[PDB]
Amino acid sequence: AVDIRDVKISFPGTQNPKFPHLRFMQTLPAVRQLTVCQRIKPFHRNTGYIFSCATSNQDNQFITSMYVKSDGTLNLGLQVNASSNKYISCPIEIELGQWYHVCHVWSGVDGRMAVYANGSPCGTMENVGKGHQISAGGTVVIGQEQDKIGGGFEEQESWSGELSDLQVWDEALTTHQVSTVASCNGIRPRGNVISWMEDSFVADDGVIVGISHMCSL
Amino acid sequence: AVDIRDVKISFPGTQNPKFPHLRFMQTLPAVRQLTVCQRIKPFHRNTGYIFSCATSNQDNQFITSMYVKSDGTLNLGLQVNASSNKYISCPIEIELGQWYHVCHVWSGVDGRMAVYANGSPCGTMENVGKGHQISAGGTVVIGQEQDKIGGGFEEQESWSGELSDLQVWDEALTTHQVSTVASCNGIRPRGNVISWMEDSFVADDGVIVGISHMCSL
Amino acid sequence: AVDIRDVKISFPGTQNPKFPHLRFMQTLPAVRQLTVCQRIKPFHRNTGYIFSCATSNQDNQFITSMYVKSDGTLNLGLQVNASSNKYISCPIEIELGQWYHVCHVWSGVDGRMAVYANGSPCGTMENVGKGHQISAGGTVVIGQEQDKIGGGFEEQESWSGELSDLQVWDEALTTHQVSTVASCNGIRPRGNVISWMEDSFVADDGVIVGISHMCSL
Amino acid sequence: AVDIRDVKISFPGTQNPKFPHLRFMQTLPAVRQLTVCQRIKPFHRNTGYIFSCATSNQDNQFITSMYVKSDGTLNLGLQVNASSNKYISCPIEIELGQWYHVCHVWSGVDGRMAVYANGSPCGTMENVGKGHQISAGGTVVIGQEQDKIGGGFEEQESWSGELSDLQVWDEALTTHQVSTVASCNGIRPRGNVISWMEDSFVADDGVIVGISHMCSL
Amino acid sequence: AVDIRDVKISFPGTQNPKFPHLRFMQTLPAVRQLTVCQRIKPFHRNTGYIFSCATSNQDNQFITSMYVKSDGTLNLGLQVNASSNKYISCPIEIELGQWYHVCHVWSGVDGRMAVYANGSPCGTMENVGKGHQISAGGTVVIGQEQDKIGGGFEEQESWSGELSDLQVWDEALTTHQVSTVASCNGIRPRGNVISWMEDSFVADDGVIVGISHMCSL
Amino acid sequence: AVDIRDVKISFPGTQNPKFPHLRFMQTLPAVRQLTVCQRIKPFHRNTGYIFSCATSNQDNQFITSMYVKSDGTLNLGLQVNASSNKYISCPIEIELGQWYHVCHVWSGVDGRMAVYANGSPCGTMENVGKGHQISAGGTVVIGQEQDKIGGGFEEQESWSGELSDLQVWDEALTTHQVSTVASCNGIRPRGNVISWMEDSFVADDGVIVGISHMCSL
Amino acid sequence: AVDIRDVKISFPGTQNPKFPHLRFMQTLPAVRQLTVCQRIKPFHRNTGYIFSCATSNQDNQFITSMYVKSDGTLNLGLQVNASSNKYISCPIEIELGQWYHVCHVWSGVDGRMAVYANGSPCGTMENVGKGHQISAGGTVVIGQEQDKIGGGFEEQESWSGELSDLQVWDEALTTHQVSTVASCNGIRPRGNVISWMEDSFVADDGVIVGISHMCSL
Amino acid sequence: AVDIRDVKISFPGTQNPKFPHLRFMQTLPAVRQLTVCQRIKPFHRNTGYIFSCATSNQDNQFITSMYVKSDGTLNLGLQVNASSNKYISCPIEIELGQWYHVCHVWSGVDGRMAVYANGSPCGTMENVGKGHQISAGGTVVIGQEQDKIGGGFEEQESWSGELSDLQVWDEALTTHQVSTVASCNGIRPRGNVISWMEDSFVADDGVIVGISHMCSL
Amino acid sequence: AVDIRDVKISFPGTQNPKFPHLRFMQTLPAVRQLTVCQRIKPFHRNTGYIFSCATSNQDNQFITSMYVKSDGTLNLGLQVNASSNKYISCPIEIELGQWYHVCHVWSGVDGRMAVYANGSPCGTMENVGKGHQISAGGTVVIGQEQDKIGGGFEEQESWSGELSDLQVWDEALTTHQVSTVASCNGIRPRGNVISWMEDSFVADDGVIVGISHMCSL
Ligand SMILES: [Ca+2]
Ligand SMILES: [Ca+2]
Ligand SMILES: [Ca+2]
Ligand SMILES: [Ca+2]
Ligand SMILES: [Ca+2]
Ligand SMILES: [Ca+2]
Ligand SMILES: [Ca+2]
Ligand SMILES: [Ca+2]
Ligand SMILES: [Ca+2]
Ligand SMILES: [Ca+2]
Ligand SMILES: [Ca+2]
Ligand SMILES: [Ca+2]
Ligand SMILES: [Ca+2]
Ligand SMILES: [Ca+2]
Ligand SMILES: [Ca+2]
Ligand SMILES: [Ca+2]
Ligand SMILES: [Ca+2]
Ligand SMILES: [Ca+2]
């Protein structure tokens, strides 16, 4: 049968008061490094936030985002501890309505940031949350940007499209690791902090549950 | 990895205006026979409707329901074409918070009804929608009873608990077939009209997505 | 994948001017013996004709029919060269909306007739078309009784239900052969005069094409 | 035995009031992307519509069509939401009465259109239903162009020839995927929204059911 | 594919001036023993000659024949050197239009005669051509009785039905050998003087060539 | 044992009133394309017709023929719907008394004609029965040209020689298919409309039945 | 090498201000059922708490405990939502300084309680937290009883001994499941909420890390 | 399952009076050579001591340390018998928050010192404890520098980061050996004096126990 | 080659000032349970001490001893924390100069004592060091009884004979474990605190090193 990792979620589109999203049941432990990967099929070209981690006193602990520009260039962004969104553009032309594997690697130890598109690195950046350590209790929401724990959504910050195979590690995966994670036929590794479908989450406001044909047809 | 059929959905509990439920994307074709099976972990002992099929002019086309009585006896009910809920009790003591495999087999050809609990038949009944044929376009909702297409929910008719491996055939499976469907280690067959996780559906109002440990530990 | 022999056709029901049926492209050679087998899911209990073979000057060359009685007894009928329908009842209780394998064996050589239900013989009969030889050019229609080549249907003579795995031999199969033909897991033999799905036919008036779950689930 | 995917349907030719065609039993869910592939043996060189998807208030939701020009060039057309037929010509000379594999890929997300002939791309086009999303409930008819749900056929818009292995996905398959879909000896994938022979359909007005010798001889 | 030994010939029926029959190209060597076996599906119950061997001066060198009596008993006859037909009845009830394996074993050395039905002996007889030796040059005709070399047929002596797997040895096979020859799944031995299909023969007057379903279905 | 496909028929030679020939029991369905292949050992160098298909109102529906010219060149002809024999010469020198594999491919869809000699194409031709569709009920005769259904033979139009492995498809096989059909050791495919030895036929006027040593020695 | 599940922790013994214990990094999601299993080597015979789950406003959310009586009888206790310790004695004589596998199964759905010793059930109890649902954010501490989140330890409530293979599920495992969990050579399943060694935890006050020789020697 | 050698310990960071560290239960025998290897993920760039061996009268018997310089160069230090820290820089740029395998090889026999980074030698040094022999009874502490047996920690001398697969031999491994020790997929050898996880140790002050993803993902 | 575990040591016999013995290099960690097993070939029948563990303030921390009585009965003794030698006699007749496997199991947790002879238990005893915990730093001497750390030997307390396969665990092995340890062909387990030949020791005063033929010949 199809593999559990090929299950996908669809974020139809936001418009107050409907905010399709996902909220994980368990909260994240305290972490000082983090790698978040997932397969995405973007719908809009404007900025939208995908992964949102918020604590009782910092709704902007960790937030991954993206936006495509006119020439079709992919721009992956990361914000740590209410900082400003830092972006890194990838040498790939995006086609709205298509699948892509993306990873964000963050290391508060030295404040390094690295984003990957399809197993290939796009580039790194520094002074991104350097010295910062996400407090324990992070609540995770997908497809919406929290301003309140698991709430306070702004339709203009939401992200629409399809998503699946979300994996998260509290370690900064190396460039050679990231590539084994993105490959479809690879060994398909699982995150230690969050393994797609293995860690339960909550759904609301019309998310569609289906299957991703990116890897298997 | 875990199999896609072991994914489960949790229906936390209803209380206006929150109605956790599922609504399938595709509507059912016109059918004159129907077998609906699924694994369930009931939470409450009072009547709740699980499978609800409604058309633009008959919100009560097909509705499976259940309720446990004081002695712990399982009672599976079926209602066809706005008829009255017909019940058949099973020779098994239910334990709220535990897994059970259940099937409802309906044949409008002769109006026969048969319900099974864990691959074993509980009994049959007659004159249940005899001669009736569910019109094409049936909309399916899980965990809520529709009074309107995909809506008009009544908190008192909702069903809470956990559910998974929902399979549906537009044929009246035989007693020997039903048993091969319920077994965990069996060949695990898939429904032709609805295959759990293979046919996409919509989620709203806090359903929890996780994994069922009934079959595999 | 599912086997080609598991394809089924559904005959919704007749009502002038709609006569759902099938008409084979090639006509039958001249034959003096004939075995017609197929899997059927009857809808009505009243007489209906399944296999109809008609020539330019005898629309009643060969016609298989059936009807269930009050007690649920199966009655298989055969008519040869405009004779009268001869019936043989089988020791099995029919359940409208269920699958059954049936065969009609006719031998104009001695005029013997034998009908089987699920690989088991129901009984034989004599003086049924004895000495008769169906002329070459027989046109075959399924689910309707011809009074004209490929036409002249009477809605009261039509047969509704589901059908599949239709096999036809111009030889009178033995009782031991018929049994290997009816078994699902058996070698599944194919008719030499007509092999289900292998010999093309024409469809009209709303027959539904799908798949039979009698053998494979 | 021959594989179920090799079953073919023949559309003899239209002439009021006879409109040979197929109508699928289940209606399409709401989709915003779509890939329709199938093997075809064209009879006429003039425009004819193959796949027709119509909703209660837009009989022109999605319609694939084709026509061969004097020099034998294949022209595949697509029309979305009552737009005008957009065509893309392929670098292949058509031979009426021969087999060809064809795919139409549409993505309302960015309005992109791509057509393939025998696993190879013919070219793409833009602004084709951009932003459009086919409403849920699409009724599909093959070999006829609907002006009414499952009706209102115009013999000048009908398409004749032979067809088989019709596969449909609610995702925009990639160019590398389309190629594995068209190959005969390939893994032969099945559509998630419509799998030839697996999803039941209705037949009327003389369609011939047989077998395609394109792949297997 | 089907085996060459399963090819069958049909002798429709004689009526002056039409005499369906077979005539072997090569003539038989001089023999003093002979075993002739073959599978037959009799049509009429009256006497008919199957194997006819004639020389330029004795049209009645060797002739096998059969006839069924009222109670359905099989009677196999043999005539040697213009003697009178000697018969031996078999303990089996014949059913016109069915297959049976038959052998005639003759030994001019001691004049013994033995006939078998389905690998089992029916009985022996003596003083049948004792001391006789069929002269070289015997011409063989099937389904007709010669009064002239390869001619002089009498419609009343013809034999109708189906025949196949004709084997002939110039040795008197033992009872244990005959049984290995009759079995379908056995090693299927071939005659040394005549091997069905291996030794060419001539056909005239409407014999039908087809395939026997006695052994393989 | 030798394969059933290696059985051959010999057409000794015609001379009124003797017309050695074969007539198939079942008639051909209505077809608009046709591929007829067979192995032949020609005896005479003058024109002779091999495959003759006639309907109740057109004795010249489809007729394959051949003739060798002085330099030994093979000329394969085809006539459709009483048209005139169209010929295509092959780049091979024929040797009367030798085996050759030949195919005629006809497509009434575009009126194309193609003939092959030993798996290799000799050439194509156009405007051969374009738009024509052979009516249902075609009677097939081998080695004689019908002027009447199964009769009206003219000794000057007869064809003598040996023939075997006759295969017929109601589809226009491609050039790559034709080659797999002609090879001896190949997979040896079977025609869907007529499979040598599998579809019964009638014989008269001295045809010799034997075995072909073209493929196996 | 030794398996990761055989790692053990030693709780030397408490004496203010030293409180050897473990505190898991991630907090428990909200749960309404729970199965906690682990291998233990008890040191003292008096009551000691092993598993302690505390939330911001209920330090007594879930607490497993045990004590051995004079006759060596094992007594497993459970306390839910500040209730009173409920005990169930097991039919086994404990030997301080030896290994034992223990499981606590709780289901707030019906308030059922069941404890096991070495894969065998000791007995069940009711009205234990019935209707209760542990709030999300439970902090888990091992070997100490919290009166404050991750603190407020009372040396008289601490538990000493050795522990390993701690597994936790948010489902109420069945009696048949518990048995496969306790066996050493079994498949050794892992908890979905807490998998020994897989989910990180914090150590303080002298816990000894080593290896358990209960299973492997 | 994950291998026992992949268990890691995290040293959060020191700040009086909290001194996260490890103290092995068994003391080191008397040794005159020593190889200490382990996988480390450094947090700070300033000097920190990792391995500390102290006896009743020399708290500075053996101490491994490291520090990264501005340009990211790794500097591994060793101190023997209260000598001064001798350093050797490695040709590798360190990235705080990443994994590296490191070994210190010391031989009091000739006073040679050699340090390796990732299986490769960085360089050697001499006159380092030449003639010295560590007295029996060495107590080992990790992540803290002892000034007292198992105590007297100075927060400015502590080392933070993650560590795992600590192996120790009382022999001076060769350069070829060190390389097989550092490889992940290698045979993974174990130290004879200290084998990670195999020899028990004590934990205090918040060390985190988890798993290293350096080798296995 | 012979296995390392079959190496044996011979204790010739003591007589001041010669005290043949062994002293392990590493000292024992602090333990509260202990299992000491070894193969022995006794020479004298009078009491002799084998395993002696002494700390800087208790030369009598743990001492195993034995003596054979007149009837040949084996008596195994144990002394803990300067207590008095407690003995347990075994139901086996000893033969000086022969091999025997012996184990002493001590559990200070409950003060239980158990001795085994050849995998079989001889009996248990209580109140033997109950509550006692051997302090860290135990020095081990074999074949001599220490009154001083690694010294102060008394010739009358020495033990002579041959010994090998000495294994020691800081856990109280179960009776079923002890039996797998004693068997020669068994899996031959190794102690975690002391593995024969794997943990280095010192030799003096004429111990003979050789090989034991108890297990392998
Ligand atoms: Ca925010
Ligand atoms: Ca916001
Ligand atoms: Ca309702
Ligand atoms: Ca309602
Ligand atoms: Ca009629
Ligand atoms: Ca009629
Ligand atoms: Ca239209
Ligand atoms: Ca139209
Ligand atoms: Ca005669
Ligand atoms: Ca005669
Ligand atoms: Ca003619
Ligand atoms: Ca003519
Ligand atoms: Ca408390
Ligand atoms: Ca307390
Ligand atoms: Ca120091
Ligand atoms: Ca210091
Ligand atoms: Ca002493
Ligand atoms: Ca002493």
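Residues numbered from 1 in each chain as written, not as in the entry; some residues may be left out. Chains lettered and ligands numbered in written order. Part of a larger assembly, values for the part shown. Heavy atoms only, no water.

- Per the PDB entry, chain A goes by the name SAP-like pentraxin and belongs to Limulus polyphemus.
- The header of this PDB entry states its title as "Crystal structure of native octameric SAP-like pentraxin from Limulus polyphemus".
- Of chain A, the UniProt comment under Subcellular location (unreviewed entry) reads exactly: "Secreted".
- Under the heading Subunit (unreviewed entry), UniProt records this for chain A: "Homopentamer. Pentaxin (or pentraxin) have a discoid arrangement of 5 non-covalently bound subunits." (UniProt positions renumbered as here; feature names shortened; annotations may be inferred.)

**Points about the UniProt feature "binding site: Ca(2+) 1" (unreviewed entry) in chain A**
Residues and elements named next belong to chain A.
Then, number 1: Residues annotated in UniProt with the feature "binding site: Ca(2+) 1" (unreviewed entry) correspond here to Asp 59, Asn 60, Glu 145, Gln 146 and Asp 147. Considering the C-alpha atoms alone, the annotated residues occupy 89 residues of sequence yet fold into one spot, their largest mutual distance being 8.6 Å.
Then, number 2: If sequence neighbours within four positions are ignored, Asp 59 has contacts with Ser 52, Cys 53, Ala 54, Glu 145, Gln 146, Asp 147 and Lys 148.
Then, number 3: Its place among the elements puts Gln 146 in the loop between β11 (139-142) and β12 (161-169).
Then, number 4: You can call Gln 146 buried: its relative accessible area is 0%.
Then, number 5: Ignoring sequence-local partners within four residues, the contact set of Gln 146 consists of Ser 52, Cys 53, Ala 54, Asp 59, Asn 60, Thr 139, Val 140, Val 141, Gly 151, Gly 152 and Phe 153.
Then, number 6: Among the polar contacts made by the side chain of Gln 146, one reaches the main-chain carbonyl oxygen of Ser 52 at a distance of 2.9 Å. (Contact = heavy atoms within 4.5 Å. Helix = DSSP H or I, 4+ residues; strand = E, 2+ residues; numbered from the N terminus. Buried < 20%, exposed > 50% of the residue type's maximum accessible area, 1.4 Å probe, protein only. Polar contact = N/O pair within 3.5 Å; in protein donor to acceptor, adjacent residues only side chain to side chain.)

**Re helix α1 (residues 175-182) of chain D**
Then, number 1: Of the residues making up α1 of chain D, those classed as buried are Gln 177, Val 178, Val 181 and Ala 182 of chain D. Taken down its axis, α1 of chain D places every buried residue within 135 degrees of arc, on the same side. (Arc of directions from axis to C-beta.)

**Digging into the coordination of the calcium ion (ligand 10)**
Residue and element names in this part refer to chain E.
Then, number 1: Every protein donor of the calcium ion (ligand 10) is listed here as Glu 145 (OE), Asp 147 (OD), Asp 147 (OD), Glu 154 (OE) and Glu 157 (OE), and their distances to the metal cover 2.0 to 3.1 Å.
Then, number 2: Here the donor residues of the calcium ion (ligand 10) are spaced in sequence according to E-x1-D-x6-E-x2-E.
Then, number 3: The metal-metal distance between the calcium ion (ligand 10) and the calcium ion (ligand 9) is 3.9 Å, with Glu 145 coordinating both. Separated by ten residues along the polypeptide, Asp 147 in the loop between β11 (139-142) and β12 (161-169) and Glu 157 in the loop between β11 and β12 bring together distant segments of the chain.
Then, number 4: With a relative accessible area of 38%, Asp 147 lands in the partly exposed category. (Donors = N, O, S within 2.8 Å, 3.2 Å for Na, K, Ca; no water.)

**Comments concerning the state of the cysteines**
Here is the idea: a disulfide is a covalent bond, and it sits between the sulfur atoms of two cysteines.
Residues and elements named next belong to chain G.
Then, number 1: Tallied over the full model, the rule gives 27 disulfides over all chains.
Then, number 2: A sulfur-sulfur distance of 2.0 Å marks the disulfide that ties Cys 37 to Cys 103. Disulfide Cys 37-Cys 103: torsion about the S-S bond near 105 degrees, hence right-handed. One end of the pair, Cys 37, is in strand β3 (residues 33-42); the other, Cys 103, is in strand β8 (residues 100-107), with 66 residues separating them in the sequence. Across the pair, exposure class does not vary: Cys 37 and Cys 103 are buried alike.
Then, number 3: For chain A, the bonded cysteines pair up as 1-3, 2-4, 5-6 when numbered in the order they occur along the sequence. (Disulfide = S-S within 2.5 Å.)

**Points about the interface of chain G and chain I**
Then, number 1: Every contact between the two is made by 16 residues of chain G and, on the other side, 17 residues of chain I.
Then, number 2: For the pair chain G and chain I, the summed buried surface comes to about 1100 Å²; carbon and sulfur atoms form 45% of the total.
Then, number 3: Looking at the side of chain G facing chain I, the largest losses of area belong to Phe 43, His 213 and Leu 217 of chain G, adding up to 52% of the total buried there.
Then, number 4: Counting across the chain G and chain I interface gives three salt bridges.
Then, number 5: Two residues, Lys 41 of chain G and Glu 171 of chain I, come together in a salt bridge whose shortest N-O distance is 2.8 Å.
Then, number 6: Across the chain G-chain I interface, the total number found is nine residue pairs in polar contact. (Buried area = accessible area lost by both parts, 1.4 Å probe. Salt bridge = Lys/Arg side-chain N within 4 Å of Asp/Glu carboxyl O.)

**Some points on the interface of chain A and chain B**
Think of interface size as the accessible area that goes away when the parts come together; that is how it is often given.
Then, number 1: With 21 residues of chain A at the contact, the number on the chain B side is 21 residues.
Then, number 2: Across the chain A/chain B interface, buried area totals approximately 1700 Å², and carbon plus sulfur atoms make up 67% of it.
Then, number 3: When residues of chain A are sorted by the area they lose upon contact with chain B, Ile 4, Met 197 and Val 209 of chain A head the list and together hold 26% of the total.
Then, number 4: Across the contact surface, chain A and chain B share zero salt bridges.

**Describing the sheet that holds strand β11 (residues 139-142) of chain I**
Residues and elements named next belong to chain I.
Then, number 1: As summarised here, the arrangement of the seven strands in space is β7-β6-β5-β4-β11-β2-β14, forming an open sheet in which the pairing is antiparallel. Of all strands in the sheet, those bounded by a partner on one side alone are β7 (86-93) and β14 (201-204). Averaged over neighbouring strand pairs, the angle between their axes works out to 15 degrees when direction is ignored.
Then, number 2: As defined by bridge partners, strand β6 (residues 73-80) adjoins β7 across six bridges and the pair is classed as antiparallel. Along β7, the bridge assignment pairs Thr 73 with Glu 93. (Pairing = 2+ DSSP bridges. Axes fitted to C-alpha atoms, helices over the stretch in contact; angles between N-to-C directions.)

**Some thoughts on the pattern of salt bridges**
A side chain of one charge can pair with a side chain of the opposite charge if their charged atoms are brought near each other.
Residues and elements named next belong to chain F.
Then, number 1: If you walk through the whole model with that rule in mind, you get 102 salt bridges over all chains.
Then, number 2: Among the salt bridges present, the one from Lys 41 reaches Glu 162, with a minimum N-O distance of 2.8 Å. One end of the pair, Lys 41, is in strand β3 (residues 33-42); the other, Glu 162, is in strand β12 (residues 161-169), with 121 residues separating them in the sequence.
Then, number 3: A residue is classified by how much of its surface remains accessible, and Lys 41, at 15% relative accessible area, is buried.
Then, number 4: Accessibility expressed as a relative area gives 10% for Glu 162, which makes it buried.

**Regarding the coordination of the calcium ion (ligand 14)**
Residues and elements named next belong to chain G.
Then, number 1: In the first shell of the calcium ion (ligand 14), the protein supplies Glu 145 (OE), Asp 147 (OD), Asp 147 (OD), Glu 154 (OE), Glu 157 (OE) and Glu 157 (OE), at 2.1 to 3.1 Å from the metal.
Then, number 2: If you look at the calcium ion (ligand 14), its six donor atoms make angles of 44 to 161 degrees with each other, and the shape they trace is irregular.
Then, number 3: Within one chain, the residues serving as donors to the calcium ion (ligand 14) are arranged as E-x1-D-x6-E-x2-E.
Then, number 4: The metal-metal distance between the calcium ion (ligand 14) and the calcium ion (ligand 13) is 4.0 Å, with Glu 145 serving as a donor to both.
Then, number 5: Taking relative accessible area as the criterion, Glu 154 reaches 31% and is therefore assigned partly exposed. (Tetrahedral: all angles 85-135°; square planar, octahedral: opposite > 155°, others 65-115°.)

**Description of the relation of the copies chain A and chain B**
Then, number 1: Rotating chain A by 180 degrees about the axis while translating it 0.0 Å along that axis superimposes it on chain B, leaving an RMSD of 0.0 Å. Overall, the copies show the geometry of a two-fold rotation axis. Considering only C-alpha atoms, the residue of chain A closest to the rotation axis is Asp 204 of chain A, which sits at 2.0 Å.
Then, number 2: The share of interface residues of chain A whose copies in chain B are also at the interface is 100%, consistent with both copies meeting through the same surface. (Least-squares fit on C-alpha atoms.)

**Structural notes on the packing of aromatic side chains**
Then, number 1: Taken as a whole and assessed by the stated rule, the structure comprises 63 aromatic pairs over all chains.
Then, number 2: Between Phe 51 of chain G and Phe 62 of chain G the ring centres are 6.2 Å apart and the planes differ by 90 degrees, which places this aromatic pair in the edge-to-face class. Here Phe 51 of chain G, found in strand β4 (residues 48-55), pairs with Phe 62 of chain G, found in strand β5 (residues 58-68); they are eleven residues apart in sequence, far enough to count as distant.
Then, number 3: Summarising the aromatic geometry, the rings of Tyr 67 of chain G and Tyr 87 of chain G are spaced 5.0 Å apart at their centres and angled 55 degrees between planes, so their arrangement reads as tilted. With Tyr 67 of chain G in strand β5 and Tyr 87 of chain G in strand β7 (residues 86-93), this pair connects stretches of sequence that are 20 residues apart.
Then, number 4: In textbook terms, an aromatic cluster arises when at least three aromatic residues are bridged by ring pairs, as seen for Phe 24, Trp 196 and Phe 201 of chain A. (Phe/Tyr/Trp six-rings, centres within 6.5 Å; stacked < 30°, edge-to-face > 60°.)

**So, the arrangement of the chains**
Then, number 1: When C-alpha atoms are compared, chain F and chain G, though not in contact, are closest at a spacing of 49 Å.
Then, number 2: Contact between chain D and chain H is absent, and the minimum C-alpha spacing across the pair is 29 Å.

**Quick notes on the pairing of β5 of chain G**
Residue and element names in this part refer to chain G.
Then, number 1: Among the eleven residues of β5, nine are classified as buried, and the element is accordingly described as predominantly covered.
Then, number 2: Pairing analysis gives six bridges linking β4 to β5, with the strands arranged antiparallel. What sits directly across from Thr 55, in β5, is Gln 58.
Then, number 3: What sits between β4 and β5 in their antiparallel hairpin is a turn of two residues.
Then, number 4: One ladder, built from seven bridges, connects β5 with strand β6 (residues 73-80); its direction is antiparallel. Paired with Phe 62 across the strands is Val 80, a residue of β6.
Then, number 5: In this antiparallel pair of consecutive strands, β5 and β6, the connection spans four residues, and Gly 72 shows a positive phi of 85 degrees.

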